[PDB]
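Participant: what's the 3D shape of this:
(chains A, B, C, D, E and F, ligands or ions: 5)
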Amino acid sequence: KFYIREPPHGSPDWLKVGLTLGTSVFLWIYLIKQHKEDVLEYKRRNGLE
Amino acid sequence: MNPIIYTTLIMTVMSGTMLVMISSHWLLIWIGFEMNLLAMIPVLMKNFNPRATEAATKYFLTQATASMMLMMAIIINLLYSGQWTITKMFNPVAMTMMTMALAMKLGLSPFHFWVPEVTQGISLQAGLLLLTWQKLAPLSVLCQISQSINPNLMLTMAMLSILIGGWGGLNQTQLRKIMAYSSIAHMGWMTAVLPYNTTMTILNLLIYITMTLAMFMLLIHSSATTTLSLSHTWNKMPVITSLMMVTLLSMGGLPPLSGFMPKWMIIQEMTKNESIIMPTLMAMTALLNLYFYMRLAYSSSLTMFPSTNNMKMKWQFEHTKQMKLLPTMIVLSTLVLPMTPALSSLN
Amino acid sequence: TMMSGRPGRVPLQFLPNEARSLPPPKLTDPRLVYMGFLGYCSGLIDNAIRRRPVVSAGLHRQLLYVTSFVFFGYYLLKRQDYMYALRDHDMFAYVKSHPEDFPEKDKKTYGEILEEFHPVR
Amino acid sequence: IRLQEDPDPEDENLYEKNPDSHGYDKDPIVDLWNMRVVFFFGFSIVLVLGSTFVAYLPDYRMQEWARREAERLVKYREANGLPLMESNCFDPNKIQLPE
Amino acid sequence: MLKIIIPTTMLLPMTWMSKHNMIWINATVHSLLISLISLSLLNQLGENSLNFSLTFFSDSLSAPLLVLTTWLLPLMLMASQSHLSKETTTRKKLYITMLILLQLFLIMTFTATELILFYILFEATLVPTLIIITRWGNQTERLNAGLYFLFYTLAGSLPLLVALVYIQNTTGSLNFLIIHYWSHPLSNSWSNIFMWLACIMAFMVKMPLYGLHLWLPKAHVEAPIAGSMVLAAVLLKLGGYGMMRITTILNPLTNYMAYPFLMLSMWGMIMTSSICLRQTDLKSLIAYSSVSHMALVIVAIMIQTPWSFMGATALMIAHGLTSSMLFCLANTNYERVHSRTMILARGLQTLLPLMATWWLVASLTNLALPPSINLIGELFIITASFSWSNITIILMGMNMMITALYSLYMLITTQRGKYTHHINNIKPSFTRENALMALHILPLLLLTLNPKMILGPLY
Amino acid sequence: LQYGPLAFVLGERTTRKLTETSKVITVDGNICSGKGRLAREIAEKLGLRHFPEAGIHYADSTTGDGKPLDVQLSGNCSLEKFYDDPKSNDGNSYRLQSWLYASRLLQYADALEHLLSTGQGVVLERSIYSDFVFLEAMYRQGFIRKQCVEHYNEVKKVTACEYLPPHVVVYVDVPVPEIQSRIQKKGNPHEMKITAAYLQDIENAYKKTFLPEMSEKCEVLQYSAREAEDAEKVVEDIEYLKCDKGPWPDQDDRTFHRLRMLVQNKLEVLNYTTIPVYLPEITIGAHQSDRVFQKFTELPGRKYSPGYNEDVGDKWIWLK
Ligand SMILES: CCCCCCCCCCCCCCCCCC(=O)OC[C@H](COP(=O)([O-])OCC(O)COP(=O)([O-])OC[C@@H](COC(=O)CCCCCCCCCCCCCCCCC)OC(=O)CCCCCCCCCCCCCCCCC)OC(=O)CCCCCCCCCCCCCCCCC
Ligand SMILES: CCCCCCCCCCCCCCCCC[C@@H](O)O[C@H](CO[C@H](O)CCCCCCCCCCCCCCC)COP(=O)(O)OCC[N+](C)(C)C
Ligand SMILES: CCCCCCCCCCCCCCCCC[C@@H](O)O[C@H](CO[C@H](O)CCCCCCCCCCCCCCC)COP(=O)(O)OCC[N+](C)(C)C
Ligand SMILES: CCCCCCCCCCCCCCCCCC(=O)OC[C@H](COP(=O)(O)OCCN)OC(=O)CCCCCCCCCCCCCCCCC
Ligand SMILES: Nc1ncnc2c1ncn2[C@@H]1O[C@H](COP(=O)(O)OP(=O)(O)O)[C@@H](O)[C@H]1O
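Facilitator: Numbers count the residues shown, from 1 in each chain, chains lettered A, B, ... in the order given. Ligands and ions are numbered 1, 2, ... in the order given. This is the structure:
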């Protein structure tokens, strides 16, 4: 208890932490799925495979 | 001002600009301009004082005159063509009137005095919103009507804007007037490239908006409105001074920063059309802007001006309000040169 | 304006259906890596401005910065590649359609070509 | 007076606090190791190894190859009575003058 | 070239993550390692350059300059150790970051394969130098020096950008290989004259040329030791490299437009040597000597003969090393007595023998004592100028005489005579300073032993 | 959450929390009087919160740990030196006066924030409105200069034009000889070195300027020492007075919201206290400023934001 006043950022905002981690994971998985779908669509359209 | 009223007025300004940018009817575009001005005046007069009232009065007079000229041009175009759709105007006199009205709205020379006057009169947030949005809209109108623009008149106004901005920025000491003259010079560059590539115009608009947002938000963070007030920032938060210095370097067109990309692309586009003298003069004239940018950077970052005694209490206390997207605007205004070919996406 | 008004252009469409015939950018693209680097720099600048340990505080928000920049950069790269492909397609089509405006020229060897010699002295 | 300014400090001498100072740092151990790494790396590694590397760099400029080719051409030319140096670099038969 | 580029971009995070008392050690060690790695670029071919990729290529002209830059970085680090003892950790790291960024930009500028990328990087080098000067200079005139430097460079270089974009639109590509193979003669018209003027004037302002050179004394006198070392040794050679690169597309108009610049350069050699004869400041003397040597390089490039390019390259390398050594010696003397006046401190040979030896060697190399590469380059340039015309020999002879005069004058003034009685803070020379001088001087003698590595691509 | 436009939209209105005892009872008084005891008595009886008189280490107290900092890092002024050598050539007198004015402005901002966020009244021993009496006393004796007076006036105007007026000049009118007797009895040598003319100038400034000025704005309740001994009479008089004085009757919810936003941001409160006016007494050289700032950053719990200092025991830094 160094500070006489409780700092606004004294404790982690677990709601914000969870939202940030979930958003990052969701964006990464969505990007990977979109890339896979784009690769498959390109191959199908151009007849490569 | 009530927060609900303030956000309603801001949304009304944005809705007027959106109506201008999405309307295919001259009457609807004029309506959008009128709504934008009407909702913009209280934003200027938020912090009530005689200087703010005078700035709002001058802004209202200028915008009302420009709107009357624009409506006259619309009526003249309707007389000789009977068309309301915004396309290549069918009458040279109407086109000249429209160009003059839009130049007056933007702030191009010789219609530039109200820009520093109002910018000094109003606060930092009001100046930021004014510059950004009130230059965003008429540039959209000009891009829509680009193919009928008289190149001689447009380039004359652009070069005059560049020269006047450079000299005014050289002589001024107030931060808001410096920002106003910088805006004048950048609008001159944009309107110079306008009759050749609206894509380059939009690219310059985006880069200028990003840099202006970064600079104004840094000034708001440091709570400085003069050169000497900014000269004390190094003793409280030296990071902000360094960020402001790199932003000022970028705004001057120095490579390899983001500000060099619009000038480079504009020079390339203009020299594609067998125009060399205009790009050469425009490039040489930006040295005045870089000079007053560097002079401002000397007083804040590269040297240490004397401080005061209550700055110790300033150190003891901490900044509370957090700026939104400030790091993103700082990064985008200095480190996006290797991403230049995205102008094809912007096309 | 050059590209606007092109026939078949659907307004307010970031990526039309014809853009899916092009190779999507690789996830290891140097441009994507540079976008992630910009995101990381923005996170560091955020820490510096808000007066937090620059390299050790706010790891979750730094990761969010990097992820958002990578996502937007990927979509921007897709649009840029589509636009350049469209430009090349239109150029080749016009060259094919106007052979009299784009004619083939005779290729003379340097033995046949006469060029002036300027001594350096 | 015009400011509350600190007086100009006297310059510190590294030899006062450390007679064996190498001039790199005021900390004795850090100074000693800075001197050691500078001397070792720079002098030994860079000078000696780079000098011998440059001395024994392979002959990619083809100086010796050019000398051998010149010797071969001179021998062939003077053995058959041909001029040592040709009059023209290219073939007048292949060159078509404009006329 | 990525094997050299990436280690610098790794020097940056290493510097920012190293401990407070290990920054100098880490930076010096890894800069020396990077220099050793960059030594491999000296294995050039005889006919065509080394084309690593579509973006970077190395030539017999680029390789010695890259080696010089990578070798010059750790010496600047040592000098910064010397003069930045009381600075804070963050500011010291910022100074090292500026030096690292400048080195990286110089490497990319020298290895760039296209003229527009070359211009972008060659202008990008301005920011770190301006920051270093105007932030860590010691006197009031540093702001004015920075302004003069920046605006001279930009006023020179903007028409170069206009000319480059025009050339790309006209021809198709700015790639150096393409513009060399597809080169066509330049007609004698006003438009071609002005394009020639744009390009040449940009590189001449960078060089500098006599009459466009005041920024050089202003910036070199007021800059810190590392800034002076990088300004004189490498940043002055950007103009020479550009001229040796850009003149491919300017013929035969260069045979007609070279007269004003040749006369300016020769009379500038004479005038700047005469100025060196009567200078009360040591740094100003060194700066004007640099101006004279760069004017000689200008003469070589403008006469543009195969014997003049080799001399130009050799003289550029030799002058860079010699000027860096001279600036280091002057900075040591300044840090001892806190004044740049030359006649203030005397008897320094009595007080400091080894520094007197270093001064003697540096002044002998400055006046082109055979068989040093300074003399090799100067003699090649003189022979080419003699072939060009037979009065250039007179001008070169008088310039050489005055050069020897002022070099030995500064040596005798600083080192010989009776020591100043009231100066009693002349401490013995540091091992760091002695090692700095030795590392400056030994490569000169080694390049004298092996001179074919710095004679350019026309060897 | 933190107060702001979102809270105002949601409905956190200041006039809702206001009551009859929600009054900023500044108690203005004289030197070495029973004003401190009287203020403490008034605060307890009326249920209000008492603010001890503002000072250098009061400004040091609110931030970080409550313990005071070194005088070099905070204030750079001392009251003892002003007592020992009032006319010293280092400008300590005006430096102390400006620092004390800044401290009182900060204290008034804190009191306004507490009142507008809790509805409880506040009792201040002295305020920025009555702080000019010391400046006038110094100027009459020649301790400070006309330039110092002008700078103080400019700062006072631009910084006190914003906040609401005080509530009562409880002028504990003690004659100067009695003040000197009390000072002698207290036994502190530094205050024993106070001259009689300096004490008279403060009383002249109070009675001729401050008392007439605040009479128009609000009621002024003047009491002698014996009258101030009976705090119940003072409380009864305070509760009795009722009128349309001051801007408080016409204060609105929007004005209260603006005032609360202003007072909750301390850097905006202390914004014009460092205007670029280069008086030799307050101007600090660049090198000294840099060195002192480096020391202040080297302080234990002040290098980063409060929630991000590992050396004072902050955890979860990487997730915060
Ligand atoms: C892979 C390589 C990538 C290289 C990228 C290079 C470009 C980066 C651009 C973005 C940089 C963001 C920096 C944010 C601010 C940080 C400031 C700070 O305190 O930093 C200290 C901070 C820790 O100290 P602290 O105690 O937390 O902070 C102390 C306080 O600041 C309290 O200290 P104070 O307040 O007492 O300090 C006073 C200082 C306060 O002022 C500053 O510190 C401002 C410094 C400049 C920040 C703004 C830069 C904006 C962009 C400029 C771009 C120019 C061209 C760059 C071209 C780059 C080409 C590659 O002000 C002054 O000294 C006044 C005079 C100022 C003179 C002019 C300074 C500005 C020059 C402008 C150019 C600078 C370029 C380099 C900047 C590097 C910054 C770290 O360390 C870092 O930030 C280190 C960052 C880098 C390493 C991160 C860890 C990496 C570990 C894994 C490595 C893996 C490698 C392979 C994979 C790589 C994947 C990415
Ligand atoms: C640093 C400055 C750049 C800032 C970048 C951020 C600016 C805001 C970006 C917002 C992106 C929103 C995309 C979401 C879908 C929008 C779809 C629609 O609105 O626009 C589409 C795409 O158009 C957008 O303008 C393209 C968005 C490109 C955003 C990045 C621009 C980068 C410019 C180069 C800067 C260097 C890169 C820096 C890294 C970003 C289709 O437009 P379309 O109706 O059919 O064409 C006619 C309209 N005209 C007249 C304007 C042409
Ligand atoms: C003692 C007094 C000294 C001062 C006075 C001098 C008096 C004369 C002293 C002479 C001493 C040396 C004589 C014996 C020389 C033996 C070595 C010499 O023969 O080799 C030279 C070679 O020396 C090296 O090449 C010198 C290296 C120079 C480069 C060093 C760079 C180190 C990094 C520093 C970077 C500096 C950057 C500067 C820009 C590049 C010449 O090349 P070469 O004879 O055929 O090599 C033979 C190998 N072969 C047969 C396979 C070809
Ligand atoms: C269009 C505008 C979008 C703005 C999004 C961000 C919110 C508004 C601005 C807030 C101030 C900026 C700095 C934010 C970080 C520092 C403050 C902090 O601690 O924020 C905590 C917050 C936690 O994250 P969380 O609440 O989970 O956000 C996702 C919710 N769905 O942390 C965050 O939310 C961090 C978010 C970082 C976002 C960076 C900016 C967007 C970058 C997108 C990539 C493209 C960039 C190019 C330009 C835009 C193109 C569309
Ligand atoms: N603005 C000011 N300028 C100079 N000195 C001040 C100022 N305000 C307060 N002081 C000093 O603070 C001290 C406060 O003492 P005080 O609290 O009145 O004593 P007591 O607690 O016995 O009533 C006084 O001695 C006075 O000199």
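Participant: what about residue B:139, which helix or strand?
Facilitator: When elements are assigned from DSSP states H and E, residue B:139 belongs to helix B:124-144.
Participant: kindly calculate the angle that the helix or strand that that helix is followed by makes with helix B:124-144.
Facilitator: Note on helix B:124-144: by DSSP H and E, the next helix or strand toward the C-terminus is helix B:151-171. Here helix B:151-171 runs at an angle of 160 degrees relative to helix B:124-144 (axes from the mean of the first three to the mean of the last three CA atoms, to 10 degrees).
Participant: so for helix B:151-171, what gets flagged as buried?
Facilitator: Within helix B:151-171, the residues that qualify as buried are B:154-155, B:157-166, B:168-169, counting by 16 or more other CB atoms under 10 Å in any protein chain shown. All C-beta atoms are positioned from the backbone trio N, CA, C, and that covers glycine.
Participant: what helices and strands are in contact with that helix?
Facilitator: Judged by 3 or more CB pairs under 8 Å, 6 or more residues apart in numbering or on different chains; DSSP states H and E, the packing partners of helix B:151-171 are helix B:92-106, helix B:175-193, helix B:277-297.
Participant: with ligand 2 as the reference, name the closest of the ones you listed.
Facilitator: helix B:175-193 (13.4 Å; CB to the nearest ligand atom).
Participant: close to chain C, is the next helix or strand after that closest one?
Facilitator: Downstream of helix B:175-193, the first helix or strand assigned by DSSP H and E is helix B:198-222. Yes. Helix B:198-222 reaches chain C (CB under 8 Å from any CB of the partner chain) through B:198, B:199, B:221.
Participant: kindly indicate which of these lies nearest ligand 4.
Facilitator: So of the residues of helix B:198-222 next to chain C, ranked by how close each gets to ligand 4 (CB to the nearest ligand atom), first place is residue B:221, at 12.6 Å.
Participant: quick one: the helices in the chain, in order.
Facilitator: I went with chain A, as the question did not name one. Along chain A, counting by DSSP state H, helices occupy A:14-46.
Participant: right idea, wrong chain: chain D
Facilitator: In chain D, helices defined by DSSP H lie at D:14-17, D:28-38, D:51-55, D:63-80, listed in chain order.
Participant: can I get the third one in PDB, CA atoms only?
Facilitator: As requested, C-alpha coordinates have been extracted for helix D:51-55 and formatted as PDB (Å, rounded to 0.1, in the frame of the first residue of the first chain):
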ATOM      1  CA  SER D  51      44.300  -8.300 -44.100                       C
ATOM      2  CA  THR D  52      45.100 -11.900 -44.700                       C
ATOM      3  CA  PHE D  53      41.700 -12.500 -46.100                       C
ATOM      4  CA  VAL D  54      42.100  -9.600 -48.600                       C
ATOM      5  CA  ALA D  55      45.600 -10.700 -49.400                       C
END
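Participant: hang on, the earlier thing: can you say which of the helices and strands packed on helix B:151-171 is nearest to residue E:314?
Facilitator: Proximity to residue E:314, assessed across those by CB to CB, is greatest for helix B:277-297 (36.0 Å).
Participant: does chain D sit close to the next helix or strand after the closest one?
Facilitator: Downstream of helix B:277-297, the next assigned helix or strand under DSSP H and E is helix B:311-316. No. Applying CB under 8 Å from any CB, one finds helix B:311-316 separated from chain D by no less than 12.1 Å.
Participant: other residues contacting helix B:311-316?
Facilitator: Residues external to helix B:311-316 that are found in contact with it (CB atoms under 8 Å, 6 or more residues apart in numbering or on different chains): B:232, B:235-236, F:59-60, F:63-64, F:69, F:73-76, F:99, F:102-103, F:106, F:267, F:270, F:273-274, F:284, F:289, F:292-293, F:296, F:302.
Participant: cool, stretch A:18-37 as well?
Facilitator: Residues outside stretch A:18-37 that contact it (CB under 8 Å, 6+ apart) are C:24, C:27, C:60, C:61, C:63, C:64, C:67, C:68, C:70, C:71, C:74.
Participant: again, only this time at 10 Å
Facilitator: For stretch A:18-37, contacts defined as CB atoms under 10 Å, 6 or more residues apart in numbering or on different chains pick out A:13, C:20, C:24-27, C:32, C:58-68, C:70-72, C:74-75, C:78, F:319.
Participant: also stretch D:27-43?
Facilitator: So stretch D:27-43 is contacted by D:14, D:17-18, D:20-25, E:19, E:21-22, E:24-26, E:28-33, E:35-36, E:71, E:74-75, E:77-78, E:81, E:430-432, E:435-436, E:438-439, E:442 (CB under 10 Å, 6+ apart).
Participant: try it again at 8 Å.
Facilitator: So stretch D:27-43 is contacted by D:18, D:20-25, E:21-22, E:24-25, E:28-29, E:32-33, E:74, E:78, E:81, E:431-432, E:435, E:438-439 (CB under 8 Å, 6+ apart).
Participant: that stretch near ligand 3 at all?
Facilitator: No. Stretch D:27-43 stays clear of ligand 3 (CB under 6 Å from any ligand atom), getting no nearer than 9.1 Å.
Participant: tell me the contacts of residue E:233?
Facilitator: Residue E:233 makes contact with E:68, E:72, E:320, E:321, E:323, E:324 under the criterion CB under 8 Å, 6+ apart.
Participant: tell me the spacing between the closest residue in space to the third one that isn't next to it in sequence and residue B:126.
Facilitator: This points to residue E:320. Closest residue in space to residue E:320, ignoring its immediate chain neighbours: residue E:233 at 3.7 Å, by CB to CB, 6 or more residues apart in numbering or on different chains. The spacing between residue E:233 and residue B:126, counted by CB to CB, to the nearest Å, is 51 Å.
Participant: show the backbone phi and psi for residue E:114.
Facilitator: Per-residue torsions, residue E:114: phi -120, psi 150 (degrees, to the nearest 10).
Participant: that one touches residue E:175, doesn't it?
Facilitator: Yes. When contacts are counted by CB atoms under 8 Å, residue E:114 is listed as touching residue E:175 (5.3 Å).
Participant: so who does residue B:115 touch?
Facilitator: B:107, B:180, B:181, B:183, B:184.
Participant: what is the burial count for the residue nearest to residue E:314 when sequence neighbours are not counted?
Facilitator: Closest residue in space to residue E:314, ignoring its immediate chain neighbours: residue E:377 at 3.4 Å, by CB to CB, 6+ apart. Neighbours of residue E:377 under the rule other CB atoms under 10 Å in any protein chain shown: 29.
Participant: part of a helix, is residue E:377?
Facilitator: Yes. Checked against DSSP: H, G, I helix; E, B strand; the rest coil, residue E:377 lies within a helix.
Participant: tell me the phi and psi of the spatially most central residue of chain F?
Facilitator: Most central in chain F under CA atoms, centre = their mean is residue F:104, positioned 1.9 Å from the mean C-alpha point. Phi and psi for residue F:104, reported as degrees, to the nearest 10, are phi -70, psi -40.
Participant: might one say that it is in contact with residue F:126?
Facilitator: Yes. Counting by CB under 8 Å, residue F:104 touches residue F:126, with 6.9 Å between them.
Participant: list residues touching both of the two?
Facilitator: residue F:54.
Participant: surely residue E:12 is within a helix?
Facilitator: Yes. Per three-state DSSP, residue E:12 lies within a helix segment.
Participant: residue E:97 is in contact with that one, correct?
Facilitator: Yes. The criterion here is CB under 8 Å, and residue E:12 meets it with residue E:97 at 6.2 Å.
Participant: wait, what's in contact with whichever residue of chain F sits closest to ligand 5?
Facilitator: For chain F and ligand 5, the shortest gap (CB to the nearest ligand atom) falls at residue F:134, measuring 3.4 Å. Shown in contact with residue F:134 (CB under 8 Å, 6+ apart): F:97, F:100, F:202.
Participant: quick one: which of the residues you listed has the most company?
Facilitator: residue F:97 (26 neighbours).
Participant: nearest residue to that one in space, please, no chain neighbours.
Facilitator: The shortest distance from residue F:97 to any non-neighbouring residue, by CB to CB, 6+ apart, is to residue F:135 (5.7 Å).
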